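Reviewing the structure listed below.
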Amino acid sequence: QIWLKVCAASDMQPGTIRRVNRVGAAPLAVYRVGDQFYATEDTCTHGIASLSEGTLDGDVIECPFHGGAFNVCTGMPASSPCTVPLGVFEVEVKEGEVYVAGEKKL
Amino acid sequence: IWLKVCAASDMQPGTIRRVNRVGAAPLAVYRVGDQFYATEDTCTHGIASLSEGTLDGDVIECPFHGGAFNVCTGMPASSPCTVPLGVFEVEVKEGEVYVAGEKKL
Amino acid sequence: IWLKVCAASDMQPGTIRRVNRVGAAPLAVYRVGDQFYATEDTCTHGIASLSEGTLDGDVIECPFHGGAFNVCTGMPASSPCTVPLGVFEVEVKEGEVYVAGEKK
Amino acid sequence: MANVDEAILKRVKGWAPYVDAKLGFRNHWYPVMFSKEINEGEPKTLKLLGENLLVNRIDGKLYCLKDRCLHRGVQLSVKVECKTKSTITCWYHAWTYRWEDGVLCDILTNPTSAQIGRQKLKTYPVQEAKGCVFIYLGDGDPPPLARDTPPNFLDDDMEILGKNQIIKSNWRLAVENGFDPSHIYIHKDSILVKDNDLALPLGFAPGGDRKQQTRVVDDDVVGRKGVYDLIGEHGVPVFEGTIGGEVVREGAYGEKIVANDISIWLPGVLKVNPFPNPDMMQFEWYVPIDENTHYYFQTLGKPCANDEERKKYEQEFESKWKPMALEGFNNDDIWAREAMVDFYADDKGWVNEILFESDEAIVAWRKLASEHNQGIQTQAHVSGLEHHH
Amino acid sequence: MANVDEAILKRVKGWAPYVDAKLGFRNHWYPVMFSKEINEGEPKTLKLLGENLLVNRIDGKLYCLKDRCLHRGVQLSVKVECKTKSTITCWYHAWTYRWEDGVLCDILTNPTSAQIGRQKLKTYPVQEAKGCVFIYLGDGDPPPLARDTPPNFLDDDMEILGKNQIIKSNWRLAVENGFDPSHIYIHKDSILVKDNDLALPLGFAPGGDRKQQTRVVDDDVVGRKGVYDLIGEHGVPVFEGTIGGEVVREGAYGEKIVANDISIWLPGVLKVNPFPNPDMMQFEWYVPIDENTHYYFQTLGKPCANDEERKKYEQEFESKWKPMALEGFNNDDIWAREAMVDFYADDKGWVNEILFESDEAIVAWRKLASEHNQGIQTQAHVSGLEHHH
Amino acid sequence: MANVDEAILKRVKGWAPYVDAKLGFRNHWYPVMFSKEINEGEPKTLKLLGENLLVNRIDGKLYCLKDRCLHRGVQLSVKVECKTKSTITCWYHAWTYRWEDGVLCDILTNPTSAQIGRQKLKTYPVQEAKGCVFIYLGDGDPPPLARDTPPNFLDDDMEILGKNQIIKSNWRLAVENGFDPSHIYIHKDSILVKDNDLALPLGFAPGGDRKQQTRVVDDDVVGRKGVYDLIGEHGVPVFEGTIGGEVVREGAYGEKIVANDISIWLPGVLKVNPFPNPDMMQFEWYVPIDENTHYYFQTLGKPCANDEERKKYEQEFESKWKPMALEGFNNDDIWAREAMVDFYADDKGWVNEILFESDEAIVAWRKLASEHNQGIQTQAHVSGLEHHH
Ligand code: FES
Ligand code: FES
Ligand code: FES
Ligand code: FES
Ligand code: FES
Ligand code: FES
Ligand SMILES: [Fe+2]
Ligand SMILES: [Fe+2]
Ligand SMILES: [Fe+2]
């Protein structure tokens with residue numbers, strides 16, 4: 001579970017979001033900012049919203065519930081009412097394949 | 001059947017002319033460009049005289065509350081007006097403007 | 001009668017200088033461009049010092065409430081000021097600034 | 001000036017100033033109390049056109065000062081301190097003003113202050129006439145009181161008796177109800193109509209052109225501005241009210257003919273003659289206190305040639321006219337005014353009202369008031385006029 | 001329709017129409033009273049969606065007219081004057097309207113007025129069902145009443161009894177509190193719990209995916225639009241509340257199983273089945289009166305085959321159900337609603353609320369309501385629609 | 001910011017922050033009650049700087065939590081539920097917080113909820129000193145209490161006794177009235193003057209220049225910021241009040257010399273020494289509750305070396321000082337503050353006030369407060385800080 005198979009870097013266009021469901025664990029969200037990939041918990045820290053259903057503006061994801069937002073790279077809140085940082089998960093591409101860590105950084 | 005209002009000359013485009021009728025309520029004649037139209041003079045929303053209002057295109061605005069009507073159809077154009085205005089047939093036979101005694105059905 | 005305030009060059013354009021007079025109310029000398037004017041220094045609406053205010057053209061804005069006066073006529077230019085300011089004619093002779101001792 | 005949503009004022013082109021005059025018209029005289037209500041050396045407080053005022057009687061003469069200290073804006077009346085016959089001292093820091101011209105003549109807490117003799121508390125002209133106290137809520141030299149009073153009110157032989165109280169409605173609703181030709185309907189069951197055998201129709205079926213429905217007076221020998229309701233000149237009195245052809249109500253078939261001479265005058269006073277009896281007259285003011293309240297200053301006049309008739313009149317007034325007419329008749333006007341508050345409260349009623357024929361009288365008043373008022377009282381006049389650049 | 005700051009509506013992309021519906025949804029049926037409260041020829045007043053209305057019973061049939069005269073906007077109810085069986089006459093200038101179509105048919109103060117037969121007072125459809133009075137606060141021919149009722153309410157054998165009152169909170173706070181799965185916690189000490197030996201958990205530990213938490217109904221043959229709360233299908237009911245691992249509270253271990261089927265339906269009526277008894281059902285509406293108040297229209301349903309059973313039910317209603325349930329149980333819902341007023345009063349609560357799992361049910365409702373409501377009531381609807389071109 | 005019309009703030013360039021601080025200054029310590037008023041496990045509610053707070057004493061120590069559940073924003077105090085000694089459980093959906101750090105540690109309605117341990121209710125530092133409860137309404141680590149207390153209040157031997165109440169006026173009007181040199185005039189008839197043989201002038205005739213009128217303290221090592229009123233150093237006290245040169249009122253010629261050392265300190269606490277007796281001191285706070293009210297936290301300090309002395313002082317406080325000074329003297333300050341409400345309520349008084357010489361002290365305070373306050377409390381702080389990417 002260290003590295004989770006997401007998809008081919010080819011399956012994602014710049015500025016898109018993908019939800020990664022995990023057995024017995026909370027979902028993750030993978031964002032493609034250009035040719036780089038990032039990932040955080042999928043659930044907004046302000047409620048029960050799914051960030052994968054939000055709007056990505058550059059490196060900032062906006063929650064579809066209340067307009068709160070986070071920086072997808074650091075997981076830090078970017079817009080109120082969000083105040084709790086998101087857990088960030090490492091993403092690496094091996095053989096044009098996208099992988100996300102099973103455990104968050106720290 | 002018809003009443004002589006005035007000469008198409010006496011009316012500049014974009015102006016209104018009140019036509020009083022003995023034994024009946026007043027009417028208003030509007031010149032929108034080169035065509036003429038006629039309706040009741042009294043606003044359906046109260047007791048204002050539309051001839052004292054402001055004409056903008058084919059829409060006349062009442063001086064009392066700002067309600068308005070389309071002078072061609074007589075249909076309300078702006079609130080608070082809700083009751084359509086009575087429209088009358090107009091004719092310009094030989095530079096002379098005429099208005100029908102009764103509203104066009 | 002007349003009081004020597006200072007050399008014209010002692011004041012940069014658009015600045016104000018307070019002139020104290022023993023046994024009398026202080027005055028404010030304003031330099032609008034290369035012109036000089038003088039009025040009472042105390043705002044007529046309170047205890048503010050107009051010399052610590054903002055000069056906008058020929059109008060002085062009080063630092064307390066934003067009231068204002070035309071430093072040339074002394075008449076209020078902005079509320080809440082309502083009582084006209086005392087104005088003093090100023091004389092600039094040989095680059096020297098002098099102000100009348102009494103309002104006029 | 002600027003009391004109502006600009007979008008609403010734009011719509012009411014016939015009388016925008018009137019609709020804007022929420023707080024009343026400045027630069028006019030207004031009755032606020034009766035002479036007997038204010039005694040020598042006993043200051044009285046009141047609010048007029050939204051302004052708190054103080055009135056005092058010194059050596060028999062009335063004086064009026066704004067009830068707001070220039071210093072920190074407190075009402076002097078919270079704790080009146082008249083330390084000398086000609087002055088009043090603020091209870092807070094002792095700023096002292098002269099009743100005569102409002103000049104700040106002393107400051108007990110600092111006798112060396114540069115403010116002394118350099119500030120003036122607002123004063124307003126005050127005049128007593130017919131036992132009534134009028135205040136000129138305006139600036140500069142006041143015009144003759146006659147300008148702002150209905151014809152004959154100041155007649156030498158006219159004996160005036162009345163009542164005053166505060167009513168919860170904007171002053172304009174009161175004015176319009178009073179001058180409303182068809183509002184008579186609310187009086188159909190009044191005790192006065194029966195107990196004084198008055199003839200009272202339910203309303204009027206208008207006759208003639210609308211120009212003939214009213215008579216506007218643009219100028220009297222004294223500059224009066226007003227409108228006469230002439231609906232009864234060519235109109236047909238309605239004595240039988242029908243619904244679907246069936247008679248459901250009847251007017252009063254009394255012998256006494258009254259109120260066939262009705263006029264409204266700026267700043268807002270109604271004259272009904274004769275009323276409530278063929279030999280009497282009623283003059284009533286609707287004085288703005290604030291945007292939600294007004295003084296309903298009622299007066300009944302009757303010519304009297306001597307102390308005898310005056311004494312007799314005052315007896316009839318207290319025993320009959322006051323309770324039967326001023327109260328028994330006019331009480332219905334009070335709740336009718338209150339009933340229009342909600343509709344006009346958001347200023348939307350001035351656009352949504354649906355008028356009918358008899359309202360030509362009200363329309364004439366709104367236009368006259370809009371064209372000849374001497375100024376619009378604004379909230380700024382209340383807090384302090386403001387202007388920048 | 002702009003009832004809230006645009007900045008806030010822009011933030012709540014999932015249910016903006018709902019957040020904007022502070023005054024309720026127009027074009028829906030709403031219960032406002034019980035049939036037995038409105039008697040023949042006795043007009044009754046009430047406010048619905050901010051509009052003052054008058055309801056009258058004529059020949060057994062109900063009629064609804066807006067309680068605001070077209071003329072000067074006064075409420076006709078200030079002094080009701082129904083002079084003929086089919087009409088009502090305004091007490092002010094006698095404009096007379098027909099109850100069946102609102103047409104201005106007569107004017108006693110001026111029978112020759114051109115307004116007669118040309119103006120129309122707003123009317124609203126009224127329908128009685130299950131001893132409840134429903135008013136269609138909307139325009140045009142009304143849809144079937146069943147569209148705006150929860151399933152089974154109109155069942156032939158369903159005996160409906162209840163109570164209604166005015167509560168001080170916006171209708172939405174009442175709805176959400178009602179459909180809120182986890183709010184059961186506030187009922188843990190209700191007398192109904194012990195006195196009716198109810199099984200009642202403290203909360204629910206969710207199970208399954210988001211979609212499984214509810215069943216959204218937007219394909220109901222009757223047109224009904226609503227949501228079913230299915231939290232208890234995959235979760236685990238909480239019967240032992242713990243803090244730090246230590247049990248501090250327990251749910252009710254009674255035998256009677258209740259409220260296992262809960263659903264909310266537009267325009268805002270909750271159905272709880274079975275409740276308060278395993279053989280009964282509860283139907284309650286949260287009707288908008290104005291932005292700060294709503295009617296809490298409670299009803300209890302119990303099948304009855306004969307008048308004999310209907311009495312037994314009625315008796316237990318009065319002696320047990322109404323006292324022990326509608327009040328003993330639901331009174332805590334009342335102050336719970338009131339407790340949320342401050343947070344949402346400035347509309348900021350709609351942005352700052354921090355939701356948890358069980359609120360998935362509330363979210364479903366907000367989305368359903370936002371997508372299937374038949375119109376947003378606005379203050380303009382209350383004062384008078386405004387438009388230009 | 002966003003508390004006052006920008007147009008007004010632009011006009012008061014000398015103290016805009018102060019004029020904008022209608023809700024008080026954030027990040028300062030404020031006394032809100034006396035220690036003996038908050039007992040073990042007996043949560044108390046209070047509003048400070050517009051925020052609803054809950055205070056509780058557990059194992060003798062005080063803890064402060066915002067009285068607003070993070071879930072649906074209700075006040076936890078509507079129905080306090082302290083299930084365990086170290087926690088409080090919202091009565092609505094049972095979200096449970098620890099008094100010690102506000103961490104959401106449990107949720108009785110959903111033990112599996114993902115919110116558990118990932119949300120935190122706002123907490124504020126609380127400290128007891130001299131029998132007074134101080135709350136640091138600010139963010140981050142608080143500064144020493146000493147910074148927000150006037151000199152000597154924290155002295156080892158200073159015995160503090162007091163009284164607290166809610167007063168209907170903005171806190172700034174209270175601060176200015178207290179530091180106002182000339183307001184002494186309102187106390188000329190106080191029972192304390194005669195009953196305690198006080199020497200009390202009616203006011204002061206200032207002397208020297210502006211800078212000499214006060215001493216601005218911004219160099220204090222403990223960090224306290226304040227201003228000393230030195231009007232009496234070069235000014236002549238007024239004992240004979242005159243109007244037109246004639247004596248109309250005299251000051252008090254008592255033997256006891258008091259209040260010759262007056263100072264105001266941020267966040268808004270006045271120190272009058274010595275008062276009400278030559279061997280005592282008075283320290284009073286005007287704590288902002290909301291825009292229209294404040295706590296008038298009065299304390300009288302007197303050196304005591306043992307229980308026998310402090311017990312004697314307490315008896316004297318209850319029998320004399322409290323009724324004769326705190327009430328007998330200061331009650332006039334209360335209505336004086338209230339009298340200024342109307343003028344400043346619309347924020348216009350901050351522009352229209354006409355100041356005189358002694359107000360130099362108030363101006364100094366306004367400037368000090370504007371420059372050294374630790375933050376402007378805003379409505380956003382109350383509802384929830386806002387920031388958009
Ligand atoms: S749930 Fe994401 S901002 Fe509120
Ligand atoms: S009378 Fe014409 S808009 Fe009202
Ligand atoms: S002291 Fe100058 S504007 Fe007020
Ligand atoms: S408020 Fe009147 S003298 Fe100060
Ligand atoms: S307000 Fe109803 S008839 Fe005039
Ligand atoms: S509002 Fe407190 S737990 Fe829901
Ligand atoms: Fe009347
Ligand atoms: Fe409930
Ligand atoms: Fe004091």
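Naming scheme: A, B, ... for chains in displayed order of the structure tokens; residues 1 onward per chain; ligands 1 onward as shown.
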**OP:** Could you please tell me, as a ChimeraX atom specification, which residues of chain E have an atom within 8 Å of chain F when using only C-alpha atoms?
**Re:** /E:182-186,202-206,238,241-244,248,336,339-340,342-343,348-349,352-357
Please dump the current selection as a compact mmCIF listing (two decimals), in the first residue's frame; keep N, CA and C atoms.
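Output contents, as saved in result-v3.txt:
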# COMPACT_ATOMS: atom_id res chain seq x y z
N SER E 182 -28.89 12.63 13.15
CA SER E 182 -28.22 12.68 14.45
C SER E 182 -28.84 13.56 15.53
N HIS E 183 -29.87 14.32 15.19
CA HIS E 183 -30.47 15.19 16.19
C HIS E 183 -31.38 14.44 17.16
N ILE E 184 -31.54 13.14 16.92
CA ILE E 184 -32.31 12.26 17.77
C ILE E 184 -31.84 12.38 19.21
N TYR E 185 -30.57 12.74 19.32
CA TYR E 185 -29.89 12.89 20.60
C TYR E 185 -30.61 13.83 21.57
N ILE E 186 -31.27 14.87 21.04
CA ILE E 186 -31.97 15.83 21.88
C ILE E 186 -33.28 15.27 22.44
N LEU E 202 -28.90 6.86 20.27
CA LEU E 202 -28.37 8.20 20.50
C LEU E 202 -27.90 8.81 19.19
N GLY E 203 -27.47 7.95 18.28
CA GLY E 203 -26.99 8.40 16.99
C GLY E 203 -26.79 7.22 16.05
N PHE E 204 -25.95 7.40 15.03
CA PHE E 204 -25.69 6.35 14.06
C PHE E 204 -24.26 6.42 13.53
N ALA E 205 -23.62 5.26 13.43
CA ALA E 205 -22.28 5.17 12.87
C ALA E 205 -22.58 4.75 11.43
N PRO E 206 -22.32 5.64 10.46
CA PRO E 206 -22.57 5.40 9.03
C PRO E 206 -21.89 4.19 8.42
N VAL E 238 -26.12 3.79 17.61
CA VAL E 238 -25.38 4.05 18.85
C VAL E 238 -26.31 3.97 20.05
N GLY E 241 -23.22 5.96 24.35
CA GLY E 241 -22.39 7.11 24.04
C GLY E 241 -21.17 7.13 24.94
N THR E 242 -19.99 7.27 24.35
CA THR E 242 -18.76 7.27 25.12
C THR E 242 -17.87 8.48 24.93
N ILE E 243 -17.11 8.77 25.98
CA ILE E 243 -16.15 9.86 25.99
C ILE E 243 -14.89 9.25 26.58
N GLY E 244 -13.78 9.33 25.85
CA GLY E 244 -12.55 8.76 26.34
C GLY E 244 -12.66 7.26 26.55
N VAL E 248 -20.91 7.28 28.99
CA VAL E 248 -21.49 8.38 29.75
C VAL E 248 -22.99 8.50 29.54
N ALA E 336 -34.60 23.89 19.64
CA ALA E 336 -33.40 23.49 18.92
C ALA E 336 -33.33 24.36 17.66
N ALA E 339 -32.35 27.78 18.48
CA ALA E 339 -30.93 27.88 18.81
C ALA E 339 -30.00 28.12 17.62
N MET E 340 -30.47 27.78 16.42
CA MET E 340 -29.66 27.98 15.22
C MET E 340 -29.89 29.34 14.55
N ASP E 342 -29.34 32.55 15.34
CA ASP E 342 -28.22 33.48 15.34
C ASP E 342 -27.11 33.17 14.34
N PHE E 343 -26.77 31.90 14.20
CA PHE E 343 -25.70 31.49 13.30
C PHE E 343 -26.05 31.71 11.83
N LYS E 348 -24.36 33.96 7.14
CA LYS E 348 -22.98 33.45 7.21
C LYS E 348 -22.91 31.98 7.62
N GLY E 349 -23.92 31.52 8.36
CA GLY E 349 -23.95 30.14 8.80
C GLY E 349 -23.93 29.17 7.63
N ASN E 352 -20.10 28.98 7.01
CA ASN E 352 -19.25 28.56 8.12
C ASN E 352 -19.58 27.25 8.85
N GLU E 353 -20.76 26.69 8.60
CA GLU E 353 -21.16 25.44 9.24
C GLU E 353 -20.12 24.35 8.96
N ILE E 354 -19.82 23.52 9.96
CA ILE E 354 -18.87 22.42 9.75
C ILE E 354 -19.69 21.15 9.89
N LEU E 355 -19.98 20.52 8.75
CA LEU E 355 -20.80 19.33 8.72
C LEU E 355 -20.03 18.04 8.97
N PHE E 356 -20.76 16.99 9.36
CA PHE E 356 -20.15 15.68 9.54
C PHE E 356 -21.02 14.65 8.83
N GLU E 357 -20.54 13.41 8.77
CA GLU E 357 -21.23 12.33 8.06
C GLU E 357 -22.75 12.31 7.94
Considering only C-alpha atoms, tabulate each residue of chain D that lies at most 10 Å from chain B along with its nearest interatomic pair and the corresponding distance in Å to one decimal; arrange the rows by chain and ascending residue number and present them as JSON lines.
{"residue": "D:8", "atom": "CA", "partner": "B:65", "partner_atom": "CA", "distance": 8.5}
{"residue": "D:9", "atom": "CA", "partner": "B:65", "partner_atom": "CA", "distance": 9.2}
{"residue": "D:10", "atom": "CA", "partner": "B:66", "partner_atom": "CA", "distance": 7.9}
{"residue": "D:11", "atom": "CA", "partner": "B:66", "partner_atom": "CA", "distance": 4.5}
{"residue": "D:12", "atom": "CA", "partner": "B:65", "partner_atom": "CA", "distance": 5.0}
{"residue": "D:13", "atom": "CA", "partner": "B:63", "partner_atom": "CA", "distance": 5.6}
{"residue": "D:14", "atom": "CA", "partner": "B:64", "partner_atom": "CA", "distance": 5.7}
{"residue": "D:15", "atom": "CA", "partner": "B:64", "partner_atom": "CA", "distance": 8.1}
{"residue": "D:16", "atom": "CA", "partner": "B:64", "partner_atom": "CA", "distance": 9.8}
{"residue": "D:210", "atom": "CA", "partner": "B:47", "partner_atom": "CA", "distance": 9.7}
{"residue": "D:350", "atom": "CA", "partner": "B:65", "partner_atom": "CA", "distance": 7.5}
{"residue": "D:351", "atom": "CA", "partner": "B:65", "partner_atom": "CA", "distance": 5.0}
{"residue": "D:352", "atom": "CA", "partner": "B:80", "partner_atom": "CA", "distance": 6.0}
{"residue": "D:353", "atom": "CA", "partner": "B:46", "partner_atom": "CA", "distance": 8.1}
{"residue": "D:354", "atom": "CA", "partner": "B:46", "partner_atom": "CA", "distance": 5.2}
{"residue": "D:355", "atom": "CA", "partner": "B:46", "partner_atom": "CA", "distance": 4.6}
{"residue": "D:356", "atom": "CA", "partner": "B:46", "partner_atom": "CA", "distance": 5.9}
{"residue": "D:357", "atom": "CA", "partner": "B:47", "partner_atom": "CA", "distance": 6.6}
{"residue": "D:358", "atom": "CA", "partner": "B:47", "partner_atom": "CA", "distance": 9.6}
{"residue": "D:359", "atom": "CA", "partner": "B:47", "partner_atom": "CA", "distance": 8.2}
{"residue": "D:360", "atom": "CA", "partner": "B:47", "partner_atom": "CA", "distance": 7.8}
{"residue": "D:363", "atom": "CA", "partner": "B:64", "partner_atom": "CA", "distance": 9.3}
Original post:
Given a cut-off of 10 Å, which residues of chain A touch chain F, counting only C-alpha atoms, written out as a ChimeraX atom specification?
Top reply: /A:26,43,45-48,57,60,62,67-71,77-85
Output file for the residues above (C-alpha atoms, as a compact mmCIF listing (two decimals), in the first residue's frame):
# COMPACT_ATOMS: atom_id res chain seq x y z
CA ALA A 26 -10.59 7.58 3.14
CA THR A 43 -12.54 15.04 1.71
CA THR A 45 -11.27 19.39 6.02
CA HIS A 46 -14.13 21.85 6.59
CA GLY A 47 -16.88 19.30 6.06
CA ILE A 48 -17.87 16.21 4.10
CA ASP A 57 -7.43 26.99 -10.37
CA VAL A 60 -5.42 25.87 -5.71
CA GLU A 62 -11.80 25.13 -4.45
CA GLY A 67 -16.03 28.01 -1.44
CA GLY A 68 -13.14 27.20 0.86
CA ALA A 69 -9.87 26.30 -0.86
CA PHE A 70 -6.45 24.70 -0.42
CA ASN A 71 -3.06 24.76 -2.14
CA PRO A 77 -5.85 26.53 3.39
CA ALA A 78 -6.08 29.19 0.66
CA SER A 79 -9.60 30.49 1.27
CA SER A 80 -11.93 30.65 4.24
CA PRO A 81 -13.80 28.98 5.82
CA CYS A 82 -11.12 26.27 5.57
CA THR A 83 -8.59 26.36 8.42
CA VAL A 84 -7.32 22.78 8.87
CA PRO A 85 -4.51 21.72 6.49
**OP:** For region 96-101 of chain B, list every protein, DNA or RNA residue within 8 Å, evaluated using only C-alpha atoms, and leave out those in the same chain fewer than 2 positions away; present the list as a ChimeraX atom specification.
**Re:** /B:1-8,36,38,88-94,103-104
Name all residues at most 6 Å from region 12-29 of chain B (count only C-alpha atoms; drop same-chain ones fewer than 4 positions away) and give them as a tab-separated table (two decimals) with N, CA, C and O atoms, in the first residue's frame.
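Output saved as selection-v9.tsv:
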chain	number	residue	atom	x	y	z
B	33	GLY	N	-41.78	57.75	-35.06
B	33	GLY	CA	-41.11	57.82	-36.35
B	33	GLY	C	-42.03	58.52	-37.33
B	33	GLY	O	-42.20	59.74	-37.27
B	37	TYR	N	-50.09	56.10	-33.61
B	37	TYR	CA	-50.80	55.14	-32.78
B	37	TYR	C	-51.67	55.88	-31.78
B	37	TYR	O	-51.38	57.03	-31.43
B	38	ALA	N	-52.73	55.23	-31.32
B	38	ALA	CA	-53.63	55.84	-30.36
B	38	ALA	C	-54.09	54.85	-29.30
B	38	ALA	O	-54.31	53.67	-29.59
B	39	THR	N	-54.23	55.33	-28.07
B	39	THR	CA	-54.67	54.50	-26.95
B	39	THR	C	-55.48	55.40	-26.03
B	39	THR	O	-55.67	56.58	-26.31
B	40	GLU	N	-55.96	54.83	-24.93
B	40	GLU	CA	-56.69	55.62	-23.94
B	40	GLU	C	-55.64	56.59	-23.40
B	40	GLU	O	-54.45	56.27	-23.39
B	41	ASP	N	-56.06	57.76	-22.95
B	41	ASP	CA	-55.11	58.72	-22.40
B	41	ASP	C	-54.87	58.40	-20.92
B	41	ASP	O	-53.77	58.63	-20.40
B	51	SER	N	-50.55	61.32	-21.87
B	51	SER	CA	-50.10	62.35	-22.80
B	51	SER	C	-49.09	63.27	-22.10
B	51	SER	O	-48.36	64.03	-22.76
Subject >> Surrounding residues as a PyMOL selection string, ligand 7, max 7 Å, only C-alpha atoms and all ligand atoms >> reply: chain D and resi 177-178+183-184+187+330+332-333
Could you write out that same residue set with N, CA and C atoms as a short mmCIF file (atom, residue, chain, number, x, y, z; two decimals), in the first residue's frame?
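Below is the file again-v4.cif, written as the result:
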data_model
loop_
_atom_site.label_atom_id
_atom_site.label_comp_id
_atom_site.auth_asym_id
_atom_site.auth_seq_id
_atom_site.Cartn_x
_atom_site.Cartn_y
_atom_site.Cartn_z
N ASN D 177 -55.22 61.62 4.26
CA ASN D 177 -56.49 61.11 4.75
C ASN D 177 -57.45 62.26 5.01
N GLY D 178 -56.94 63.34 5.61
CA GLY D 178 -57.79 64.48 5.90
C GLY D 178 -58.39 65.16 4.69
N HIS D 183 -62.85 59.55 1.85
CA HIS D 183 -62.62 58.92 3.14
C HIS D 183 -63.77 59.12 4.11
N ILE D 184 -64.71 60.01 3.77
CA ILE D 184 -65.93 60.27 4.52
C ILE D 184 -66.62 58.97 4.92
N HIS D 187 -66.58 57.57 8.33
CA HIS D 187 -67.31 58.33 9.33
C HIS D 187 -68.81 58.06 9.33
N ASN D 330 -63.16 62.41 14.73
CA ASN D 330 -61.78 62.25 14.27
C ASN D 330 -61.01 61.01 14.73
N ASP D 332 -61.68 57.99 14.21
CA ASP D 332 -61.61 57.06 13.10
C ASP D 332 -60.53 57.46 12.10
N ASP D 333 -60.23 58.76 12.01
CA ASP D 333 -59.18 59.21 11.09
C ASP D 333 -57.84 58.70 11.58
#
Original post:
Per DSSP on the backbone, what are the strand (DSSP E or B) residues of region 169-306 of chain D, as a ChimeraX atom specification?
Top reply: /D:198-200,203-205,214-217,226-229,236-238,240-243,246-250,252-253,256,261-265,269-273,281-290,293-303
Original post:
If you count only C-alpha atoms, which residues fall within 6 Å of region 217-228 of chain D, apart from same-chain ones fewer than 5 positions away, as an MDAnalysis selection string?
Top reply: chainID D and resid 147 262:266
**OP:** Would you work out the distance separating CA of residue 281 (chain E) from CA of residue 301 (chain E), expressed in Å to one decimal?
**Re:** 5.0 Å
Distance table requested - chain C against chain D, cut-off 12 Å, only C-alpha atoms: one row per qualifying residue with the closest atom pair and its distance in Å to one decimal, ordered by chain and rising residue number, as a Markdown table.
| residue | atom | partner | partner_atom | distance |
| --- | --- | --- | --- | --- |
| C:24 | CA | D:114 | CA | 10.7 |
| C:25 | CA | D:114 | CA | 8.8 |
| C:26 | CA | D:114 | CA | 11.7 |
| C:42 | CA | D:114 | CA | 9.4 |
| C:43 | CA | D:115 | CA | 10.6 |
| C:44 | CA | D:118 | CA | 7.8 |
| C:45 | CA | D:119 | CA | 8.4 |
| C:46 | CA | D:115 | CA | 7.9 |
| C:47 | CA | D:114 | CA | 8.7 |
| C:56 | CA | D:389 | CA | 10.3 |
| C:57 | CA | D:389 | CA | 11.7 |
| C:59 | CA | D:389 | CA | 9.9 |
| C:60 | CA | D:389 | CA | 11.7 |
| C:61 | CA | D:388 | CA | 10.4 |
| C:65 | CA | D:386 | CA | 11.7 |
| C:66 | CA | D:388 | CA | 8.9 |
| C:67 | CA | D:388 | CA | 8.3 |
| C:68 | CA | D:388 | CA | 8.4 |
| C:69 | CA | D:388 | CA | 10.7 |
| C:70 | CA | D:389 | CA | 11.5 |
| C:76 | CA | D:387 | CA | 10.0 |
| C:77 | CA | D:388 | CA | 7.0 |
| C:78 | CA | D:388 | CA | 4.7 |
| C:79 | CA | D:386 | CA | 5.1 |
| C:80 | CA | D:386 | CA | 6.5 |
| C:81 | CA | D:386 | CA | 9.3 |
| C:82 | CA | D:119 | CA | 9.5 |
| C:83 | CA | D:119 | CA | 7.9 |
| C:84 | CA | D:118 | CA | 10.4 |
| C:85 | CA | D:118 | CA | 10.9 |
| C:86 | CA | D:118 | CA | 11.6 |
**OP:** Identify which of the residues D:287, D:173, D:21, D:326 lies closest to ligand 5, counting only C-alpha atoms and all ligand atoms when measuring atom-to-atom distances.
**Re:**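 When distances to ligand 5 are compared using only C-alpha atoms and all ligand atoms, the smallest one comes from D:173.
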Subject >> Residues within 7 Å of residue 121 (chain D), only C-alpha atoms, excluding chain neighbours under 6 positions, as a PyMOL selection string >> reply: chain D and resi 65-66+70+102-103
